[PDB]
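For reference, the structure discussed in these notes is given below.
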Amino acid sequence: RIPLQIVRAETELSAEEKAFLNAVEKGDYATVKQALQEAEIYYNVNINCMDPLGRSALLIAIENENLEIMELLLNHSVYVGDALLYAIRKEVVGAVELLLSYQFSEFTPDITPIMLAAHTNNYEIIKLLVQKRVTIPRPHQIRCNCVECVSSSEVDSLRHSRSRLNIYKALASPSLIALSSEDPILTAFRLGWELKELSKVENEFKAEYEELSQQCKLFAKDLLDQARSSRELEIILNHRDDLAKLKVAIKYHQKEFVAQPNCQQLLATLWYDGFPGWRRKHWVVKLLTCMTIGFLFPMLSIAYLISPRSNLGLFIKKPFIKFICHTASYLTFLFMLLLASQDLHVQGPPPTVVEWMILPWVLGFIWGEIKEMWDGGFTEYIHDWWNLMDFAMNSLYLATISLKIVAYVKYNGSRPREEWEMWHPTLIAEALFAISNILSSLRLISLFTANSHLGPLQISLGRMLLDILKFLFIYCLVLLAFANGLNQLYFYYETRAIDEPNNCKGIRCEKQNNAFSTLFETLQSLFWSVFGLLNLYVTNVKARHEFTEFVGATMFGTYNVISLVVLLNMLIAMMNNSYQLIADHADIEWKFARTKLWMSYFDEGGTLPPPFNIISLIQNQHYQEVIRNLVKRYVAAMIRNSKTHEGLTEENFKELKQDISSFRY
Amino acid sequence: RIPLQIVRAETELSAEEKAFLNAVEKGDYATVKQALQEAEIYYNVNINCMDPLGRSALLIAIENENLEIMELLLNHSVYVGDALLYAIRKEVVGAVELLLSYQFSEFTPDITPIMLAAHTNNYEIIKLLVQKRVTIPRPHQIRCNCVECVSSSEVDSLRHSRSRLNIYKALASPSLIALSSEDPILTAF
Amino acid sequence: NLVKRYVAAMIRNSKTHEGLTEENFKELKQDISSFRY
Ligand SMILES: CC(C)CCC[C@@H](C)[C@H]1CC[C@H]2[C@@H]3CC=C4C[C@@H](OC(=O)CCC(=O)O)CC[C@]4(C)[C@H]3CC[C@]12C
Ligand SMILES: [Ca+2]
Ligand SMILES: [Zn+2]
Ligand SMILES: [Zn+2]
C-alpha cells in the first residue's frame, strides 16, 4: 500500500490574506475594494501571499485582463516587482502603459523589459519602450580571450551562454531592426552572417542560431518583396555606402534575396541587352542565331581589337555575346585537342603544327588565370573550387611543355620505343598531355548552369559529392584492413616473372598471378574485385596447401560480401535520403548559381576571348525614402498577418454590454 | 551600449485630432457624435490623422464592423478614398452597400473594385458590383510586339507584369466565369 | 525549485491552447444583473 503524502510542503493559507486573494480572483470591483480597504484599516494582512498554482493577485489580473481591477490593485500599493515584465509578456498595451505609469519568478534574472519586448516581437510595445532612452549591452567578438570574458565564463558558464543567446535573440528581432537602424537590409545581412558563424562555434546551441539566421534572411526577403516600382527596385539594388547591394548579397550568401522574381527579371533584362524579343522567340530561331553568333567569334574579336568604337566594335560588350564567344573559343580549343590525337620513331621531336596552334590558347588560359587571382584575391580564388581544376590543368600543361623542351634539347637520336626506358621524358610528357586532355574535356561541366533543365541536376550532383567523400573513408579503412591481412597471408609464395608463361607478373596479364604477393598488388586486386574483373584462381598456390588456399578464399569471400552486399547497398540508401531533402531547394540553388555566372560577365575587364587575350547624398536621401516606404508597407502587412489568425475576436460584446449598462444606469 | 532611438520619425499626435480618433476607436456612438460635432463647431481639427499602427477612423470602423459608427462617420464627411476597396476586401456586404451609396495605402494603384472583388471571389459582392456597367481591360496577345506594349514595358516593366498578372487573376475567377459568360465550360477550357 | 518551475511551465502550456476562453461574459453579466436587481 503506497502511502501518498506531501514531500515538499509549502506555507498554509485560508486567512484574510487568502480571502482577499480569492476576492481579487472573483474580480468584483465593489467587493474587492471594500475587502481591501477593510483589511488596510485593520492592518493585519499582507500582499505577499501566493496561490498553490503559482499566481498572485497581480498575475491573475494580468491573465484576466481587467483594467479596472488593475488600476485598483496598483493604486492600492501592491507589490510591483517583475509586473512590467509579466504585462509585456502577456502583450496587453493598456496594462503595459498603466504599469509603466505606475521570491519565485519564471523570468531569468538577465531579462530586461526591452529584451523581452524584442523576444516577443511586438511593434507597438517595442516602440513604446524604445521611445525612452533604453540600450542593450554588447556581446564580445566571437573568439574574445579578454580577462572580462574569461572571468565571467569561469565564475558561471551556463549563465554566460544564456546571456549571449538572449542578447543575440533580442538583437535579431525584425521589428527591432525596422526601428533604430539606418540600413535594415545591410543590418540583416551582417546579423545573419554573424549568427551563422556563431552556430559553428557554439556546438551545443546550434538550432537556435540557425533559426535566428533563417529569420533574418526571411525578414530581408520580405522587406525586398514590398518594392512596387522599377525605379525603387533599381535604387535599392544600386545603393552603395553598379549593383553594389546585389554584389554584397551574393557575397553574404542571401539565396532567397537573390532569387526574387523582380531581381531575376531585372537581371534577365540586363543580360539580354542586344535582343529585346528573346523572350518571345522560337526554339529553332534561337538555335539558328546561337550558331550564327558563335561562328563569327574571331571576326568579332578582331573587329573589337581594331575599332573599339564602331558598329561591330561594341557588339561584343554585351554579356550574352561575350558568353557565346567564350564558349565557341573553348569548343574550338577542344576540337583542336581532339584533332591532335588523330613520325613516332624519333627521340624528342619538334612540335607539330597542331601543337603550335594549341600553345597560344594554353598561354592565354594561364594569363587569364593569374589576372583573376590578382584581381580577386586568394579567398575568392579558392572559394570557387573550379580554380583548383584550372590550376591543375595549367600546371600539367606547363610541365608537359617543359618536359618536351628538355627532351628536344637532350635527345637527338632515333631509337625504338621498345628499347626506350620506362622513365623517358617523352613518355612522361605524353602521359601528362593525356591527363591534361581529360581534365580540359571535363571542364565543360560548368556550362550546365546556364540551362534550365541541367542546372538543378548538376547542383544536386554537387551536393551529393559530399556524401560520396564521407563514405570513401570507411571503404578505404575496410580495404586497408583486408589488404593487410591478405598480403600477410600470401606474401610467402612470391614467384619471379621468368617462371611465368608469358614473362608477365601481376593481374593485368592473361595469366593472373601474384595478386597478393605485394601490398601494392593486393590493394590493386582488392580495388578491381569490386567490378568483378579479378578471377577466382588467383587464390591458389603451386604447392598443395589446401588449408592456406581455403583460408585465403574465405578472406576473399568475406571481403567481397562486406564490400558489395552491405556497403554498396548502404550508400544507395544514403543517396536517396539525401536527395529527398536536396530536391526541395533545387530552384533556389540553381538560380543563385546562374546569377553568379551571369554577374561574372558584367565586368569591363577580359572582354576578349582567350586566344586574343594574350595579344553623393541625393542617392542616400532617395534610398532612405524608399526604405521608409518599404518599412511602412511591411509593418502593415505583418500587422495584418497577425490579425489573420484569431479571427474569433472578442470583448466587443463586453464593451457594448458595459456601455449599454452605463446608459441604462 | 547600443543607443536605441528612432531613425525614421513620423508626425506628432495627442491633440483633439487624436482624441476623436481614440473616441472612434472606443466606438461609443453618443460620445463619438458629441465629440465630432463639438470639433466641427470649433473648426480646429482635421480628419487626415493616422495612428501609429497604420489605421484611421474609417479603417478601424471597417475592422470592428459597426454599421452605426460607419454611417455616422460617412455622414460626417470623412475622407472616402480607397474606403470602397477596403470594405470590399474586408468582405462585409452592409458596409460595402453603405459606402457605394455614400497618402499611404496598402493597395496597388492598378487595383479596381471589380478586380478586387474577382480576386476575393465573393459571389454576392461580385454580382452587386457587376450589376452596374463595369468593365475590364484587355491584356494583349502573348507575343505582342506593338508600340503600346513595347512602350509600357520600357517605361516600367515591373508594373506592366503586375498589371498583366492581376488582370489574368481577376479574369480566372470561378464566380466571374459563372456570371457574364454564355459557356462557362468552354471559357474555363 | 525545479519542480516549481516545471509546474508553472506546464500550467502555462495547458493555458497556451484554448485561447478563446469564456464565462468571463457570464460572470460579468451575472454581476451587473445582481447590481441592477
Ligand atoms: C581511413 C583510412 C585512410 C585508414 C586510416 C587509419 C587511421 C590513420 C585512422 C582511422 C580512424 C582514425 C581516427 C578517427 C577519429 C578520430 C577522432 C578525432 O577526434 C577529434 O577530432 C576530436 C576533436 C573534435 O572533433 O572536436 C581524432 C583523430 C581520430 C582518433 C582518428 C585518428 C586516425 C585514425 C585512427
Ligand atoms: Ca576560372
Ligand atoms: Zn571580451
Ligand atoms: Zn500590344
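Here chain A follows Swiss-Prot, giving residues 17-118, 135-273, 286-386, 392-664, 706-755 in order.
Every residue, even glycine, has its Cβ placed from backbone N, Cα and C.
When A:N461, A:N625 are compared in Swiss-Prot, the N-linked glycosylation site annotation sits on A:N461.
A:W423 and A:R512 share a topological domain name in Swiss-Prot and therefore face the same side of the membrane. For A:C553, the partner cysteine in a disulfide bond according to Swiss-Prot, taken from A:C525, A:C558, is A:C558. Recorded stretches compared: A:364-384, A:405-419, A:434-454, A:513-535, A:604-624; the one with the most Cβ pairs under 8 Å to the transmembrane segment (A:477-497) is A:434-454. Reported as a whole number, the C-alpha separation between A:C178 (Zn(2+) binding site) and A:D439 (Ca(2+) binding site) equals 43 Å.
In sequence order, A:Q173, A:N177, A:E180, A:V182 are the same-chain residues whose CB sits within 8 A of the CB centroid of A:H172, A:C176, A:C178, A:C181, the residues recorded for Zn(2+) being left out. Sorting each residue of the topological domain 'Cytoplasmic' (A:420-433) by its DSSP state yields 12 helix, 0 strand, 2 coil. The Ca(2+) site, placed at the center of the C-beta atoms of A:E418, A:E421, A:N436, A:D439, has further neighbours from the same chain whose C-beta lies within 8 angstroms: A:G417, A:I419, A:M422, A:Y430, A:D433, A:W435, A:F440, A:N443. The recorded positions near ligand 2, defined by a Cβ under 6 Å from one of its atoms, are A:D439, chosen from A:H172, A:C178, A:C181, A:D439, A:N461. Listed recorded positions: A:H172, A:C176, A:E418, A:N461. Those with a CB under 8 Å from a CB in chain C: none. Reported as a whole number, the C-alpha separation between A:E418 (Ca(2+) binding site) and A:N461 (N-linked glycosylation site) equals 35 Å. Candidate recorded positions: A:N436, A:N461. Fewest other C-beta atoms within 10 angstroms, A:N461.
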